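Chains, contacts and geometry: an overview
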Amino acid sequence: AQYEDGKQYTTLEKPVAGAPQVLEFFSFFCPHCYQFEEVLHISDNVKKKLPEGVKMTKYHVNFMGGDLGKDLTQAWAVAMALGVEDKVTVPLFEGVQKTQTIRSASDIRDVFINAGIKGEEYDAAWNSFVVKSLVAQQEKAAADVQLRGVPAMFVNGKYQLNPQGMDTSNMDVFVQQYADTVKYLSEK
Ligand SMILES: CNCc1cccc(-c2ccsc2)c1
């Protein structure tokens, strides 16, 4: 009774078939997601503790930030397609929430250019159907679980992380609790 359904995690009443093993959702507009990623480094510490053969997937969502939110989901598709997530995640979060210099799709593009992604490369990707397919994949995944809040993490389409059942007096402890819970669920 150390881990229990309803505490560190909840159980999906409609389990999602064929879902990624560990699926994280976020928005660059999401203040708690900024904390999760830039301050707590949740994705990294979770990934760091996944069993061998367990892949981690991270998807952007549309339902925050209106038009720009949709642009960001497309830009994240570009980031995934090019494999430059580790290059643009920080400046995208800071551009939206710290400096608030990201106000348009062009501003988003500037972040990729500054990170060394060539203009032609970004634009071809941005306009590609491979990227359209990746946008659709992100939307479908979020749709599969009736997603309406971020940050969120799901394990095997069956369990949903519940950070509200964790102590926050110490950041590092919270993070390891979160990561050990994901590991526990992935072995479940
Ligand atoms: C959805 N936000 C979850 C959460 C739960 C507990 C602590 C935090 C936190 C602690 C320092 S920054 C953000 C976030």
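Residues numbered from 1 in each chain as written, not as in the entry; some residues may be left out. Heavy atoms only, no water.

Per the PDB record, this model was obtained through X-ray crystallography at a reported resolution of 1.9490 Å.

Per the PDB entry, the recorded name for the protein chain is Thiol:disulfide interchange protein DsbA, and the organism is Escherichia coli. Per the header of the deposited record, the title is "Crystal structure of E.coli DsbA in complex with compound MIPS-0001897 (compound 1)". We quote the UniProt Sequence similarities comment for the protein chain here in full: "Belongs to the thioredoxin family. DsbA subfamily." (UniProt positions renumbered as here; feature names shortened; annotations may be inferred.)

Attention now goes to the pattern of salt bridges. Per the stated rule, a full pass over the model turns up 8 salt bridges. Ionic pairing is found between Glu37 and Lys58, a salt bridge with its closest N-O pair at 3.1 Å. Linking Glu37 in helix α1 (residues 31-39) with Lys58 in strand β3 (residues 56-60), this pair joins segments that are 21 residues apart in sequence. In this structure, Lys183 and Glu187 form a salt bridge, with 2.8 Å as the shortest nitrogen-oxygen distance. Within this structure, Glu24, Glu37 and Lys58 form a network of salt bridges that share partners. (Salt bridge = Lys/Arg side-chain N within 4 Å of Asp/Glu carboxyl O. Helix = DSSP H or I, 4+ residues; strand = E, 2+ residues; numbered from the N terminus.)

Inspection of every chain in the model, using the stated rule, returns 1 disulfide. Here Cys30 connects covalently by a disulfide to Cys33, the sulfurs 2.1 Å from one another. Residues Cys30 and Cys33 are joined through a disulfide that is right-handed, its torsion about the S-S bond being 80 degrees. (Disulfide = S-S within 2.5 Å.)

So, on to the packing of aromatic side chains. Ring pairs (aromatic) are described by centroid distance and by the angle formed between their planes. The full count for this structure, using the stated rule, is 16 aromatic pairs. Clustering of aromatic rings is evident, with ring pairs tying together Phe26, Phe28, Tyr34, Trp76 and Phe93. Here the basic side chain of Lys58 rests over the ring of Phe26, its NZ or CZ set 5.3 Å away from the ring centre. (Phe/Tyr/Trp six-rings, centres within 6.5 Å; stacked < 30°, edge-to-face > 60°. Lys NZ or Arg CZ within 6 Å of the ring centre and 35° of its normal.)

What follows covers the site of the ligand. Taken together, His32, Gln35, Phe36, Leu40, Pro151, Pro163, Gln164, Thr168, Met171 and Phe174 make up all the residues around the ligand. Its free accessible area being 380 Å², the ligand has 79% of it covered by the protein chains. Here the ligand is seated within the largest pocket. Mapped onto the shell around the ligand, the elements with two or more residues apiece are α1 and α8 (171-186). (Near = heavy atom within 4 Å. Areas by Shrake-Rupley, 256 points an atom, 1.4 Å probe, with all protein chains shown as cover. 1 Å grid on protein atoms, 1.4 Å probe; cavity = no way out; pocket = protein on both sides within 12 Å on 5 of 7 lines; lining within 4 Å. Sits in = over half its atoms within 2 Å of the grid points.)

In this section: the sheet that holds strand β4 (residues 152-155). With mixed pairing, 5 strands are arranged side by side in an open sheet as β1-β5-β4-β2-β3. The open sheet has two edge strands, β1 (9-11) and β3, and neither has a second partner. Adjacent strand axes in the sheet meet at a mean angle of 25 degrees, parallel and antiparallel pairs treated alike. Strand contacts of helix α3 (residues 66-82): β2 (22-26) and β3, with the helix running at about 150 degrees to β3, the strand carrying the most contacts. (Pairing = 2+ DSSP bridges. Axes fitted to C-alpha atoms, helices over the stretch in contact; angles between N-to-C directions. Contact = heavy atoms within 4.5 Å.)

What follows covers empty space enclosed by the protein. Under the criterion given, the structure shown has 1 cavity of 30 Å³ or more. Quantified by volume, the largest cavity comes out at close to 40 Å³. Every residue along the wall of the largest cavity is listed here: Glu24, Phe26, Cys33, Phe36, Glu37, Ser43, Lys58 and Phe93. With 3 residues, α1 is the largest single contributor of residues to the lining of the largest cavity. Here the residues of the lining of the largest cavity sort into 4 nonpolar, 1 polar and 3 charged. (Points joined across faces, edges and corners; volume = space filled by probe spheres on them. Nonpolar A, V, L, I, M, F, W, Y, C, P; charged D, E, K, R; others polar.)

Take the environment of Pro51 next. Tracing the sequence through the fold places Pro51 in the loop between α2 (42-47) and β3. The partly exposed category is assigned to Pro51, whose relative accessible area is 21%. Residues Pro51 and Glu187 lie 136 residues apart in sequence; the distance between their C-alpha atoms is 7.9 Å. When sequence neighbours within four positions are dropped, the list of residues in contact with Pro51 reads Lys183, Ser186 and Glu187. (Buried < 20%, exposed > 50% of the residue type's maximum accessible area, 1.4 Å probe, protein only.)

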